[PDB]
Every structure is written in C-alpha cells, then in structure tokens.
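Whatever order the structure lists ligands and atoms in, that order sets their numbers, starting from 1. Just so you know, these numbers use all the heavy atoms, side chains as well, and skip hydrogens, waters and symmetry mates. Numbers restart at 1 for each chain; the letters A, B, ... are given by sequence-line order, proteins then strands.
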Amino acid sequence: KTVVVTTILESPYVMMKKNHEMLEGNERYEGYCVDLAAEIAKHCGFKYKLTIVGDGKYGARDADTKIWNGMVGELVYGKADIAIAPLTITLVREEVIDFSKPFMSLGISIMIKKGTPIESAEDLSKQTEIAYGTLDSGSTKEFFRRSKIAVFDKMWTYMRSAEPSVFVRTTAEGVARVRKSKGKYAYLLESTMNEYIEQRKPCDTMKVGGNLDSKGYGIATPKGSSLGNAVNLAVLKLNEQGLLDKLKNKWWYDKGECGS
Amino acid sequence: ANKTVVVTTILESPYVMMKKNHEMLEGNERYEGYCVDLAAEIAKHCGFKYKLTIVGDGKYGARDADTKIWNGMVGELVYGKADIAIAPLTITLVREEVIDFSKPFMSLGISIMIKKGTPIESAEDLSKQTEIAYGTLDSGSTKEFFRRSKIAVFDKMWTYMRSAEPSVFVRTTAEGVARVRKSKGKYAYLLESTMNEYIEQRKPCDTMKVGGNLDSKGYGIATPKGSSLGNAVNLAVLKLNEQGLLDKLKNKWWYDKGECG
Ligand SMILES: N[C@H](Cc1cccc(-c2cccc(O)c2)c1)C(=O)O
Ligand SMILES: N[C@H](Cc1cccc(-c2cccc(O)c2)c1)C(=O)O
Ligand SMILES: [Cl-]
C-alpha cells in the first residue's frame with residue numbers, strides 16, 4: 001500500500017514549487033521535509049504520497065470536545081500513516097501518537113531587529129524600553145507562565161501585564177512586529193524559525209543569546225504502528241551519516257539570502 | 001511478592017559519583033550526581049522502587065565484531081542483569097536496534113577544549129594550522145565523525161589527524177583532558193560538549209570550550225524491548241523536561257557546584 005504522509009506548508013520545510021500546477025503528487029513540493037520524507041522512505045522501503053494537512057494545524061486537543069486537530073489528529077483518527085513536519089515532541093502528544101527520536105533539536109530564542117541593544121534573556125528582563133513577547137497561545141507562552149527560574153518569572157510578570165499587549169496571534173505577526181517596531185520589540189520564538197528568518201531578505205533581524213531550553217521535532221506515526229520502528233532507526237542513521245545536518249544547512253544557509 | 005527495579009549506571013562525573021563519605025553509607029545513598037537525581041525522579045514518576053548498581057565491566061555498551069556479545073550497560077540489559085540504564089548513554093543506531101531508548105534527557109555535540117591562552121576559537125581555526133596539534137578519542141563515534149565526513153573543514157581535519165605524528169589520539173577521555181592541560185598550549189581536544197562544559201568548571205580552571213557544536217546527539221534512558229518500564233520512563237523524561245527539571249539538574253551539577261565562578 002502507499003503510505004499517506006501528512007505534513008504542513010511551512011518554510012523551509014514544505015513549500016509549493018513555483019511551477020506546481022504543471023506537476024503532480026510529490027513533485028509539487030520542495031523543502032527540508034520533502035527531502036527528509038524521500039530519505040526516510042528510502043531507508044524504510046516504502047512508497048508514499050505527501051498530503052498537506054487539511055486544517056493547516058500541527059496538533060492540539062480541544063479542551064471541551066477532547067478532539068485532536070491538525071496532523072496529530074490525522075494520525076490519531078486513522079487518516080494518515082505518518083507525519084513528517086516540524087512537529088515538537090511533547091508529553092501530551094507522546095501519550096496519543098508515537099514519535100521518532102528528534103530529527104532536529106531546538107529551543108526558545110530571541111529575535112531582534114538589527115541594532116537592538118539586547119543580547120540575552122537576562123538583558124530583556126532587566127529593562128522596559130524594549131517590549132518583548134511570545135505567541136498568544138501554546139507552549140512558548142506557557143514556558144514563561146509556568147517557570148520557576150528567576151529571569152523567566154520576571155519576564156512573565158512583565159509580559160502578562162504589559163500594555164499594549166506584547167502577545168501576537170501568529171508567528172508571522174511576531175516577526176512583522178519586530179521588523180516594524182523600530183527596535184522597540186523583541187520576539188520569543190523557536191530557534192529554528194529565528195535562524196531561518198535571519199537568512200531571509202531584507203536581512204534586518206538577528207537571533208541573539210543562547211536557547212532558553214531544549215526540545216526536539218520528531219517524525220510521528222499512529223500509536224502502535226508497525227512503521228514506527230524502522231522510521232526511528234532511519235532517523236538515527238541519517239543523523240550519524242550527517243544527512244540531517246546537510247539538509248538543514250542546505251535549506252537554511254546555502255539557500256540563504258543574506259550573504260556568507 | 002514484589003520485584004525491585006535494578007538500575008545500571010556508570011561512574012562518570014558529574015552523572016554518578018561516589019560521595020566523599022560513601023563508606024559510611026549504604027545502597028543508593030552511596031552515590032550522588034545528575035543521573036542519581038534523575039533516577040530518583042524517574043522512579044517517582046513511574047511508581048517503582050529501585051537499586052542503583054555500577055556496571056560490572058565499567059563500560060557503556062558496544063557489540064564485539066567477532067563474538068557478537070554486547071558489553072557494558074547495554075549488555076547488562078540485553079542479557080538480563082539489569083532492568084534500566086540511567087547514564088550518559090548516547091542514543092545510537094546500533095544500540096536502538098537491541099534496546100529501547102527514551103527521548104533524550106540531554107542533547108550535546110562534538111566541541112573543542114583548549115588550554116586558556118591558546119589562539120584557537122573554532123574548528124576552522126584548527127583546520128588552518130598545525131602549530132597546535134588536535135585530536136579525538138582513539139576509538140568510537142567522535143573519531144568516526146571525522147573519518148566519514150564529507151564537509152571540507154572536517155575532511156581537512158581528518159586528513160591531518162589520521163597522519164599526525166606523534167599520535168594526536170588518546171585512549172581515554174581523561175587522557176585527552178590531561179593532554180590539553182599538560183601540553184603547554186600545544187594541544188586541543190575534540191570531545192562531548194557536556195564533558196567540555198563540566199571540566200571548564202573544575203579546578204584548576206585552566207580550560208575553555210570554544211566554538212559551536214559540530215553535531216547534535218542525545219543521551220537517553222535505556223530499557224530492554226518489551227520492558228514494562230519503557231512507556232512510563234519515556235513519558236517521565238518528557239514531563240521532567242517540560243517542568244524544567246532537567247535544565248535545573250544540569251545547572252546544579254555543572255554550575256551551582258562549579259569551582260571556576
Ligand atoms: N513546532 C510547533 C510549535 C511548538 C509546539 C510545542 C512546543 C514548541 C516548542 C519548541 C521549542 C521550545 C519550546 O519550549 C517549545 C513549539 C508544533 O509542533 O506545534
Ligand atoms: N556517551 C558515551 C560516548 C559516546 C558514544 C557515542 C556517541 C557519542 C557522541 C556524543 C556527541 C556527539 C557525537 O557525534 C557522538 C559519545 C556512550 O554512550 O558510550
Ligand atoms: Cl573504533
């Protein structure tokens with residue numbers, strides 16, 4: 001049977017080729033996860049079909065209905081066989097689907113407009129002239145809300161009450177806000193996206209400071225799926241063979257627009 | 001009517017260390033460190049009682065090419081001498097085939113250790129010169145990383161290292177570290193970032209980690225296939241990371257107990 005792969009349109013993971021209308025199936029798409037899917041399938045010996053997740057979401061469980069949405073939903077309810085996307089390995093997700101070991105490691109990080117005099121979370125926490133915030137929902141916001149660490153607690157206390165609101169509805173808005181606030185806003189987001197935007201025109205942002213924590217993206221399969229074992233082994237193999245780092249460098253830096 | 005969980009681990013600082021007064025103590029109380037604290041946390045979140053034991057042969061786990069027998073902590077798992085391994089054991093392909101690994105509790109990569117003063121700041125810096133010798137363990141994955149690499153800088157480094165005389169390779173990690181410290185600024189050692197970070201915080205505070213990591217791997221908790229502990233242990237690792245506990249333990253053992261300010 002043909003393996004149904006669910007994934008999501010997010011750059012540089014999966015992107016529509018400019019000439020996609022003249023192509024068909026897997027050839028329509030390009031990117032890090034398109035390249036990765038090809039490698040996984042090769043090392044697992046299966047045929048596959050990339051499908052873009054219907055609702056355009058990663059995967060969360062509705063607090064009321066208890067229904068999983070997004071790619072996780074597609075696995076849980078039996079609509080897809082495997083998800084290959086920048087899907088963070090989390091406890092609540094691990095409870096309902098299987099994850100490979102991480103194909104990418106990352107953490108919360110600081111994005112600034114070039115020239116902003118901030119180089120760390122501690123720097124942000126000790127001042128007020130430069131506003132800063134996170135997505136208005138999800139794990140990067142909860143990271144601060146729940147934190148017991150002095151610096152992060154100080155940041156949360158500021159962020160939760162800052163006016164005008166420092167939270168943004170989407171990642172794209174966070175990035176736009178940094179770019180359009182004249183140095184007066186810094187955005188807290190995934191280091192991977194931060195690194196990617198730094199290499200995109202108009203080349204006016206920078207990632208600064210260390211990552212504030214450590215998480216990973218994993219390939220996901222329905223709980224108890226027979227594909228899980230071989231997929232996990234393929235991920236470890238590709239990492240030991242340097243292929244994962246090669247794909248990251250290709251899509252983030254070789255294709256970078258901001259110089260060497 | 002019950003069975004106590006047997007944990008295998010390995011004496012490697014600061015993961016598991018003998019307390020100074022270990023002879024006055026008994027059982028699990030003899031030991032301290034990051035993985036000792038982690039063991040207690042895993043047991044609590046999985047509801048099991050346990051016994052810490054140090055791996056009999058003092059090794060991590062490798063499969064002999066000839067006899068096909070696993071040694072180390074992996075061997076203790078696959079041959080039924082221990083139930084779980086809680087140690088800085090790298091998640092690797094060959095190990096994952098025979099045992100189950102949790103998601104990583106620590107992530108890390110190859111890094112460069114210099115004696116303070118050495119004019120090297122990166123792998124690129126090393127590769128461009130020979131005045132400062134540099135090398136890796138004389139066996140294992142960190143050596144193999146360079147040998148198999150098709151990246152220009154790492155290829156150039158491998159070409160130098162493989163033929164360098166006197167040998168730039170070392171039999172143990174301890175020897176690499178001592179060689180950095182005792183080579184008067186003329187040796188740099190390539191090793192795990194975690195060990196590099198740790199040693200930088202030990203007296204005599206004469207070493208420094210430089211440059212970014214060259215790759216990314218993780219340490220995982222290991223259980224045999226079909227283990228009744230496997231699922232719960234993995235959920236516990238993810239939970240502990242989400243609750244900040246893993247970063248808290250790293251900070252405690254690396255920095256709060258550091259000696260170099
Ligand atoms: N990757 C997206 C967004 C997403 C979802 C859940 C967690 C995180 C995350 C990433 C790095 C550090 C951190 O503390 C949290 C990101 C997804 O999987 O929905
Ligand atoms: N942790 C020890 C030694 C050990 C074994 C296998 C791999 C690595 C390692 C760590 C970081 C980067 C890298 O490329 C390789 C370390 C063990 O598990 O035997
Ligand atoms: Cl070897």
Q: Using a strict 4.0 Å cut-off to heavy atoms of B/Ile110, name the atoms of ligand 2 that fall inside it.
A: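 Listed by number with element, the hits are 12 (C), 13 (C), 14 (O).
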Q) Can you list the atoms of ligand 2 that are under 4.0 Å from a heavy atom of B/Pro88? A)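 Those atoms are 1 (N), 2 (C), 18 (O).
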Protein contact of [atom] - nearest heavy atom, named by residue and atom, plus distance:
atom: atom 11 (C) of ligand 2; value: B/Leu108 CD1, 3.6 Å
atom: atom 10 (C) of ligand 1; value: A/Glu190 CG, 3.7 Å
atom: atom 14 (O) of ligand 2; value: B/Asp215 OD2, 2.4 Å

Can you tell which part of [X] has a heavy atom less than 4.0 Å from ligand 1: side chain, backbone, both or neither?
X: A/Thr88; answer: both
X: A/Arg93; answer: side chain
X: A/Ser191; answer: neither

Counting each atom of ligand 1 from 1 as listed, which ones have a heavy atom of [X] under 4.0 Å away?
X: A/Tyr58; value: 17 (C), 18 (O), 19 (O)
X: A/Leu87; value: 18 (O)
X: A/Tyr217; value: 1 (N)
X: A/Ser139; value: 6 (C), 7 (C)

Q: Decide if the gap between the ring center of A/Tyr185 and the ring center of A/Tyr132 is smaller than 6.0 angstrom.
A: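 For A/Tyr185 and A/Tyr132, the ring centres are not under 6.0 Å apart.
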Q | Sub-6.0 Å ring centroid separation between B/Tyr15 and B/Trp254 | A |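 Ring-ring flag for B/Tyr15/B/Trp254: true, centres closer than 6.0 Å.
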Q) How close do B/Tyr160 and B/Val168 get, heavy atom to heavy atom, and via which atoms? A)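 Scanning both residues, the minimum pair turns out to be OH-CG1, 3.6 Å.
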Q: Would you mind reporting whether A/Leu87 and A/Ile219 have side-chain heavy atoms less than 4.5 Å apart?
A: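 No, side chains not in contact.
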(Q) Quick check with a 6.0 Å cut-off and a 45 degree axis cone: is A/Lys101 positioned over the face of B/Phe101's six-membered ring? (A)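 A/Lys101 over B/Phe101 ring: no.
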Q.
Determine whether A/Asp35 and A/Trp251 satisfy the following criterion, side-chain hydrogen bond (donor to acceptor under 3.5 Å, both in side chains), listing intermediate values before the conclusion.
A. CA-CA 10 Å; A/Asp35 286 349; A/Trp251 292 100; 2.9 Å; yes
Q | Between B/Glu192 and B/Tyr219: side-chain donor-acceptor atoms closer than 3.5 Å | A |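 A donor-acceptor contact under 3.5 Å links the two side chains.
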Q: From the options A/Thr192, A/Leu36, A/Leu244, select the one residue that forms a side-chain contact (heavy atoms from CB on, under 4.5 Å) with A/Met104.
A: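 Running side-chain contact (heavy atoms from CB on, under 4.5 Å) over A/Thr192, A/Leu36, A/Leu244 with A/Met104 returns exactly one hit, A/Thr192.
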